[PDB]
Structure formats: C-alpha cells, structure tokens
Ligand SMILES: [Ca+2]
Ligand SMILES: [Ca+2]
Ligand SMILES: [Ca+2]
Ligand SMILES: [Cl-]
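In the authors' numbering, the protein residues as written are 119 to 213, 273 to 457, 464 to 524, 535 to 554, 556 to 1574.
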C-alpha cells in the first residue's frame, strides 16, 4: 500500500484516535452541499458489517417508516443522496478548472478512504475514513424567496435516516446567537437532541471593512461570524492555513543546493488573467533592476522578467515588460509574504521574495507540472478571511479552528485539488466529531443522546491547542480562533473538559468594569484523577497608532496565575478567577475611546511535569458598553464640519464634492431643472441634500455666509428638492429605524409632527467584497413637509430625526438629528440698474423669502441653435427623451454685477435668476417691464418672477353637466417602447368607479369637480373604510381650502392620511359642501382600489388568404379585472426608431409610433406583413376597469402551438403590488408524478409554462418563509386541454410582521424570577436576561398584543404598564419598576 499524506493529520493529531480504535466505523455524516461523484476511488468503506447502514436494503427499511420516498442509496460509502433543488437524483456537479466540486471536496475531508495514490504518490484519507456518507444536494440562488425550506428538509431527513453528524457550509454574515432564523434553529436544535453534531463553517468575510481597510479603532464591533453557525447549539468553525501546500510549483535546477527555498518552489502568482500556460519545459530567465524604461537596454526578449518598486502594479510595472520583448514576466515581493496582484497581459506571475534575491546567478527555468508538496508561505497563520468578532448580539463565536487553507481533497472523476476557505475547515471538525462520539459511545454508554453532542463540542474545544500568531509572537484573539486548534487525540484521551459560568466550553462575560470575576469548572470522565495547575493570559486588540485602525491581531497584557485544583473522578470542581485591569485602562481607552475587548484563555497543565492533560477555555468581555456602540457612522455633514471623513468616503476631486453615489451617512433628495423656453419633462435623479451642481457639474456642498451648509427642502410640487430621505453607513446591525420630524423649538423631541409610516431594519455595511454595499439608502424615510394627517407643515425650522437600535437586547435608542428648513418661497426679484454705456447690470443685494438663504444668482440668454432655444436629445439605447434650455451664462463680476454681451442677444432676452438653498428658483426675463425707448442713459429696471419654476397641472378640458357624477380621474396610455412619462389628461368618471393607484397616469385617483356656476362652500372630502359604516373615522381627509376647482385638493390617491397605500378593496368617498343659500350637500360614492396587471392569454393564429390572422381569447368583463379596452397595433419605424417627439403648444411629448389594426367581424385581426415591421412589432394590449394595463407582442403569443396550453403560477397576497413577494419556485409533475423536463416559458415569465395537454400537479417549493406564510394548498392539481388551454394556479398567502419587545427594570431581579410575555389566548413566551443589560428581558415576536408577566418569589410586585400593542418593525420598551 502507498503512503498516507499526514500534512493535516500530524497537525490535528488525528492518528491518536485511529490507533485507539476510532476511525469512521459504524457512523455516518450528512454532508449538505453542492455535489458528489460517489463513484470516486475515495468513496468506499473497508468492512460493511461494521457499519451503521448495512446494505441497499437496510436503507429502504430506514427511508420508509421514517417517512420518506425520494432519493436512493448509491453505494456502501455514499449511503443516501438526493438533490433537494429540482427534486431529482442528479448528484454530481459540473458534468484547467474542470472537475471541481465543492461538496465533493467537503466530503473528501470528513470521510476517507482512497487506497489509490493521488498525484503526489500518497493516499489521502479524511478525518473519519470508515464513516458512511449521506449527501444532500442543497444550495441557494435567489430566484427563490428563501432556501431555508430546502435546508431544514435535508436536516430533518438527515436526523431521521441515519443521524450522527451534519456538515452545513451555509452562512449569513454577522449572525446573532439568540434571534437567529427560527425555523432553521429549531431544526438544528432538534438534531442536537437526537445526538447529532451540527458543525457549520463560520464565513469568509473576516471583519467589518475587510475589502476596504482595517476597521477604525472607534468601532470595535467588527464581527462578521455567520448564522446559522452563530447559534449556541452548532459548532462554528474558524479556518487556519495548512503548513503544507500542493500546487504546480517552479524549479530552478541551479538553486537545488539552496535548502531554505525547497530547491525551487516559489509557488506562482498568476492573478486576474491566469495565462500561466500561454507561452510556457522552458528556459531563459533574465534580470531587471529598475521598473523604468530601458534600465540597461533591458536584455530580455523570449525570456522572463524580474522586478518590484510598487510604483504602478499591473500596469506600468507590468505592461512595461512586453515593450523590451521578453514573451513573459515574473515579479517578486519587496518583503517575505507573496501578495496577490485592463489585464494588459503577455504572461506574468509573482514568486516569493527570498527567491527573488536568490535569482542572482540570469539563469534557466522550468515551469513544473504534476503537484509537488511544498511549504506554505502562510504556514501556521490564521487564514485571512476566517470570520471573527462577536455575534451581532455579542457572543463569542467561532468555537474552534481547523485547517481550512490550501486543503488538498477530492474532485470529480478520480481527480484531486486544492481549495481554500472556512467551508473546508468545517469537515475537519465534522470527522473529528464522528470520532469523539465513538469515544464517548465506548467510554460512557451511561450517557444520554441529548447531552452527547454538547460534550463532543466541549471535549474538542477544551482540548484545543491555543494558537500563537507567528508574525507577532502573540496569542491570536479567541474571537478569531475559537478555543484553539483541533486536537483530536487530546479530546479522545485526556478525558478532561472545561466549562465556564454558562456551562459552555467558552465564556462570554458581557461588559466588564475593573474586576473581572468568573467561575470556571473542570470536569473528569475517567476513574483515575488529575491534579492540574492553571494560569490565565489577558489580551486586548493591538491598534496601530500611525493610522488609527485595528491591526486584526493581539497584544498580551499580563499573565495572571491562579494555582492548582485536583479534579475529582467522574466529577467536577469549580474555580474562581479574578483580575484587576483598572491598571491598563488609561492607556487603552486613549487608543480605543469607545471601548475595547478584554479577552483571553485560562490554561490547565498537569501539576508535576506539564504537557500531560493540556486543556483550555476562552473568554471575552467588553470594557465599556457593547450594547451602545454607535450603530451608524456620523453624518458626512458633521464629519466635514470637523476635520474628519467617513470610513468609505472617497475625497476624490473637487473640495467638498459629495456625489450621491458615494457611501456616507446623510440626506438624499430629488433634483429637477428649471426651463424658461420649454416644459421640463424629466428629472435629474437623486443628489445629496445640500449639494449643488457647480461649474463643472460636480455636486459641491455649498456654504452660507456663516460657513455652514444648509439642509433645506421645498415641498412645493415641482420635484426640485421636495423631499428628504436618510442614507446610512451602518457600523452595527440595526433595528427599529424610523424618521421623525419635530419643530425645532420642541428641543426634547416629544411631539412628532410626522413619522415615517414604516420602520426599518438591516445589516451593517461590512463590504467584504464588491457584492456588499458600503452604504444603504432608505427611501422609505422620505419626509415631504406633510404631517401625520396630510396637512402641509408650514415653512420653518424643523428637526428631521432618524432613530434606531442595535441588535442587543438592552440597548438604548440612538437618535441622529438633521437641521431642516422647509422653505417653499421663491427669492425676491425687485429691481436692477443697467448702464447702456458701461453695460453693467447690477441687481439689488440678494434677499430670500424664507429661512433657506439665497445660494446663487445668475444671468443667462438662450443660444438659439437649429431655430429653437432648447436642445431635444433622444437617447436611442435607453429609449428616453430629454430636453432642456440652451442657457449660456454671463460671468459675474466680484461686485455682484454682469456685463451682458448685447452683441450675442437683445436686452429683452436676458434672464436674471436667483435660487435658494431649498431649490426655489426665481427667474425674471429682463424684457418684462422694460421701456421700448432704450439705449440712452442709466435706468431703474423692474424685475418680477415669471413663474418658470412651477408645479405642473393636469390638462383639464372637462365641462360638467348636472347628469355627471362629479367624479374625475386621469387618463394615459402605457408606453410599450419609450421610457418617458406618457402624457396624461383629466377625464370624467361616470361609471366603473375603480382606481389603480400606481402613478402611471391612468385612473390613479378620484377627484371631484363641480358645475361651473354652482357654489361649493367648505368643500371637504373624507374617505371611510368599508368597516366604518357610521362614517365616523376618516382614513383620509382633504386638506383645508378645497373647492370644486383645484381638483387636486380633492384628489384621493388610494392612500391614508399618513401617506401609505390602502389595501385592495372598496371604500366610501364622501364629498360634502354648503350651498348657494345655506343647505348642506353630501354626495357619496363607492371607490374600489385595485392594482394587479391583467393576464394575457395565448389567443390563436390562423392564415387567411395567405395572411396571418390573430384571434384573441374572449376577455371577461365582470369584476374589477374585467376588460374594457382591447387593442392590436404595430410600431412603425420613423427616423429609425419606434417612438417620436412632437413639439406642441404646451411643450414636448413622447409617444410610441402606434398604428392600430381594426377588429374583423370574425373577431380576428389581420396581421399584414409590411416593409420593416416584423411580428415582434405587433402588440396585443388590454385595459381593465381599474386602469391596469398589460401587453404582449404577437410573436410571443405564438410558440404556443395550436395543440399546446399554458399554465401560470402566482402568489395572491392581499396587499398593494409594490409590497408583495414575487420570488418562489415550483415543481410541476406529469400524470405519473415524473417531473416535467425541457421547459418552454410563456410571454417571458418564468412563472408561465407551455405544456402539452394532460393532467399535472404543481408544488410550491420555496418562498420567503420569513416575509409571508402559505395558507392555500401547497400542492394543486390541474388539467390542460383544448377547452381549458390556459390555467391560472394561485398560492394564497398572508404577510408576516414581527416586532421586538424589551421589558427594562428598576433593579435586578431576585434569584428565581421568570420573565415571560403572555400572548392573547394565554400562552407564555419565556424571556431571558440580556447579557449586556441585565435588567432587560427581550425577544423578537410576532406582531400582536402582549403582557409582561414576571412571577417573583416570596413577595415583591412589578407595578407598571405591562401591556403593549405591537407595531410592525417597531421596538417596544416597557420599563417596569419592581418594589417590596
Ligand atoms: Ca458577524
Ligand atoms: Ca421644490
Ligand atoms: Ca393607474
Ligand atoms: Cl426661499
């Protein structure tokens, strides 16, 4: 037999358990992952009668009557396999980089058992080579709502089929331990109680900031360690790099004598473009000194090249090579570490640095093939990416380390390969957990299956070897390490483990003051006894003082020592540790002002002659208050007012540029230009509030005469800065977030005038790579100068207050306040002086009406081009038209005047414009109020604003007659190609009282219009809910000052007073007013609100006189979704596009080049073939009673053959289509239960299938199980046929809403208090003490109504408001006061 590779086995000390009789034998590991190739030579058991599952037949006996009839035993080794996405039995993936498979690799690492040699000549075995493997193919892609469904199945199926150990590989960054994802936790917890060890990789995100910079020393909460592994039950696995690596190295035969360089290894660089074997047998190395040009006439050409000097990586000190020839190049570090390095490639790789200088012979060179085991350049170091820090709620995770870096394991088709990550360290602890269970299953069968897996964890952890950072000769932080490195031997032999106060092999202490005090308990498992001597190291983060950022390492403070203990036999012994750290406080809190970690280990050696019975337990606490670290970064406004900057803020380009795409905390608003020659038809997008377009169009944060910026919005209707909304850079995970507005005289923020209707939660912005956002904008925090009742809040000075909480159960609410001006008033245009001889135009000094200041005045004329004063510009690629003025600007003299080049345009045609900080702009056209008798001598010129900036009004042509209902709404066509806003106009509404409040232009609101010579005094509109049958409590009311005219004052947009869309359903719209004489009048109407785009059937197509005829299926007219318009049209091509601009009286409007086809008497439409118009330019379109519109090309309505049918699946949620789940997956099965293959989709919806006629079922597979829950049948059956050739299937669901509840107390509670939430219906939700705020008891809960009950001992009471009616996404604090 060939030799065994022990690179990872020597190091984890695994052979110590094999030789004691513990291979994988008689156990089985469930590997939930991406794929296997159960045929691989490694996939084998030695003796099949030693095994848990004994044959293909012991399986079906275990499948059935445990309750499962999918997926099969495949061989003795891979004992169960099922592909839980798509519900199939294709298990192997993937059908250079070929053959690679993640789940194959994972299994290779946990179970054995190759008796053939890999590329090195060695046999590779897993940590438990004699275990059988069930493998669940489960992996996510976000077309679904949530993969949790599929994981829980795989888990439950694992526990029921053959239990033992599950290896998960799954993670969501910065998880919590307590408020994890409930249905997945319970499934994990269920497995523990069945004796299953659940081990989970901890993540590859490393720490907050990891793809940007090291975290600032003010922000200690940089933990990225993932759920579900952050849970208390599972085993969270950090990853250390392998000391030995297996690659395709290099060899310089001339350096074979040099023995610190492996005799030619250098590994390889090869980044981005991996063209190592482009031009690479080889020869002809070179030698280059400087990275300049022609250093010494080069000397390359068909020869590799050599340099550093970090001047310009990958471009100037890379592409400069192919210049002097050389057919390839070779870089070396400028220190000993081997970093990573458009492409601009000939051939290039990075190779060591100690081997750079050793290349000092020119020389010859070869690029090795096959794999040759070489020493890792990252050796005994913690892998860069292994997750760290605490859980989101402040718990010590990970739990243990194991080799994750450059781990050699199994690939498909008898191949092997190296892949790196915490995903790989986890199967090391998977196998190790197999073995330590055999051990306890032999050592104590007097041990229950419910306490078993918690101890396998505790043995592995206490017996771990505390890692020491090589580059720094300091212990690596337990927040990065766990309880240490995996010591398999130590775990199965020592029979000692350690718990702390919490009864866990780790200790999280919460905050700490000056005296760290905690009880440690050592446990004995054998009959013989041990007497051990203990001492504790005490560590904190090291921070670099040049830049003020952590260095992701530690420094030792003082090793305090305690003494010796003597554990009993089959017994415990407690110990008390105590340390005064009051000493180190000044030095540390000066380096880390918001607090620091005080962590470390306590070690246990055998008293006489240590190294026998070496065991440890880790601890961490926080000096400060971990509950109250700042959740958000400070606003870019405050930071820049001081000299500071943001963690992700790019200060590139002009001073004080805050481009809106730039990752800060701040306020965002919408911009819209102001045009004097034509109507503005589109807006300019978001920009940062208080920034303004400077000369070169960069957005600068401009300052008022006192040196401050101004946050001001103008909630007029003009779309220039009408709202403000919060954008955040989050440091910690957030909860409870809302925006509130108070008047600024209300200094304590006790009377909200406006609150954002929703409250928000989310993740820290940890930016671990490009896929992870550095800022998040929450547009649902938009404030628009309206109150909680819809009233306009008057111009003035207000506070916009964004408040939130962290995810720690006792934390106190953090606020963050923005000074905010509402100012809706244009600045003043009075007068100026112009001098025909000097031509100097001087306006009065600049005044504003309102609190926002004047921000800039300008003079401009309209540079006519191609006979028009504006420039209409058509974006062909994005099907968009924009049009703005040709403003050319007159420079402004330092004295505040302009010289007006009257050669370029007349005097009448200059405009003076003054704009303010809130977006109001005044523009006077000089020609207004200018005497025609000019050109003589100084004048006083009157200026008035010309209302160029104004809110647009709907075209209103309507003449009301008595017969008219009085209701009006709007009308618009739905664009098919162009992405401009289709022009809309007012229409009567005397039937079909249905609205689609979707702001598309068409039936969006219900207004009321009165007869023109009738009087409507005190006209108000109130909308009542269907339930409110006495019409007592409006849900929306018109604002004050409404009449028959200004229909906008009566327009109801399907919303509540607070601005949120109402639910689908029907509502009483009541118009009330007083008379000509004095009589009261009340018209009442039933308005019905409905979104939901129509569903378009296939129709059919027949050929008639050699021309295509399309006949649509008969539209149904009943209901709100009944169809009331029906069009077939095509799009003509004019000027080479399918839309068109037309310049009208009003302004410019954009339209599709629609040509309609009449209906024929046989209900068909004749589809002529005409020059340049194909079937993809013919459309069917339908409008419902509500104004909802759908359309499809006629090309898409074919590909439904005349013998085939269509089924469409969708979810029916009782909410507005903008607050709905849309993501789910489904399996369709044919008459025999076989899944359908070879899917054709219909009208471009992945939810609509073309299928042959027959009987079928569909199964709702996955949906967002946290967002919504299913209420209708999960499996629905349907039959397709020529009569029923279109089938709707609908999964009916309800929305889920959660809230957090915290009971905060006066004083601590006596021992023996049991806090619980009492639900209506009487049940008890037990609560537990907060770790950081021990007078707090909190939980996240379903939106409902609860009471806090405590049940104290021997006599005390609680005395406070204990009842709360919970709101969705709110945090409710119920402070409570115990007394005696
Ligand atoms: Ca974390
Ligand atoms: Ca405005
Ligand atoms: Ca609409
Ligand atoms: Cl103003």
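Ideal Cβ positions, reconstructed from N, Cα and C, are used throughout, including at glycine.
Please classify residue i: does DSSP put it in a helix, a strand, or coil?
i: residue 161; result: coil
i: residue 1223; result: coil
i: residue 896; result: coil
i: residue 565; result: coil
i: residue 1170; result: coil
i: residue 1405; result: strand
i: residue 820; result: helix
i: residue 652; result: helix
i: residue 792; result: strand
i: residue 541; result: strand
i: residue 279; result: helix
i: residue 886; result: strand
i: residue 1262; result: strand
i: residue 548; result: helix
i: residue 335; result: helix
i: residue 621; result: helix
i: residue 120; result: coil
If residue i sits next to residue j, beta carbons under 8 Å apart, how far is it from one beta carbon to the other, in whole angstroms?
i: residue 1281; j: residue 1267; result: At roughly 18 Å, the Cβ-Cβ gap does not stay under 8 Å, so residue 1281 and residue 1267 are not in contact.
i: residue 556; j: residue 420; result: Not really, about 33 Å apart at Cβ, beyond 8 Å.
i: residue 993; j: residue 923; result: No, residue 993 and residue 923 are not in contact; Cβ-Cβ is about 21 Å, not under 8 Å.
i: residue 276; j: residue 663; result: In fact, because the Cβ distance is near 36 Å, the residues do not count as touching under 8 Å.
i: residue 1398; j: residue 1446; result: 6 Å
i: residue 1164; j: residue 1197; result: 7 Å
i: residue 1412; j: residue 1486; result: Wrong, their Cβ atoms sit about 19 Å apart, outside the cutoff.
Can you name, in chain order, every residue of its own chain whose Cβ lies under 6 Å from the Cβ of residue i, other than the five neighbours on each side?
i: residue 625; result: 287, 303, 304 and 305
i: residue 1307; result: 1291 and 1293
i: residue 399; result: 384, 385, 392 and 583
Can you list, in chain order, the residues of its chain with a C-beta nearer than 7 Å to that of residue i? Leave out the 5 residues immediately preceding and following it.
i: residue 432; result: 438, 440, 441 and 551
i: residue 845; result: 839
i: residue 912; result: 866, 1143, 1144 and 1145
i: residue 1046; result: 904, 906, 1015, 1017, 1110, 1111 and 1112
Please classify residue i: is it buried, with 16 or more other beta-carbons within 10 angstroms of its beta-carbon, or exposed?
i: residue 316; result: buried
i: residue 1425; result: exposed
i: residue 595; result: buried
i: residue 1553; result: exposed
i: residue 763; result: exposed
i: residue 881; result: buried
i: residue 174; result: exposed
i: residue 675; result: buried
i: residue 1072; result: exposed
i: residue 167; result: exposed
i: residue 1001; result: buried
i: residue 760; result: exposed
Excluding sequence positions up to five away, which residues of its chain have a Cβ less than 8 Å from the Cβ of residue i?
i: residue 478; result: 471 and 472
i: residue 485; result: 467, 508, 509 and 510
i: residue 1237; result: 1204, 1210, 1213 and 1243
i: residue 1488; result: 1407, 1408, 1462, 1463 and 1465
Where the beta carbon is closer than 7 Å to any heavy atom of ligand 4, which residues qualify, in chain order?
-> This criterion selects 1017, 1019, 1020, 1021, 1042, 1043, 1044, 1046, 1110, 1112 and 1114.
(message) Which residues end up in the neighbourhood of ligand 3 when you take C-beta atoms closer than 6 Å to any of its heavy atoms?
(response) Chain-ordered list of matching residues: 1190, 1192, 1194, 1196, 1197, 1198 and 1381.
Who sits around ligand 1, taking every residue whose Cβ is closer than 5 Å to one of its heavy atoms?
Ordered along the chain, the selected set is 351, 400, 401 and 402.
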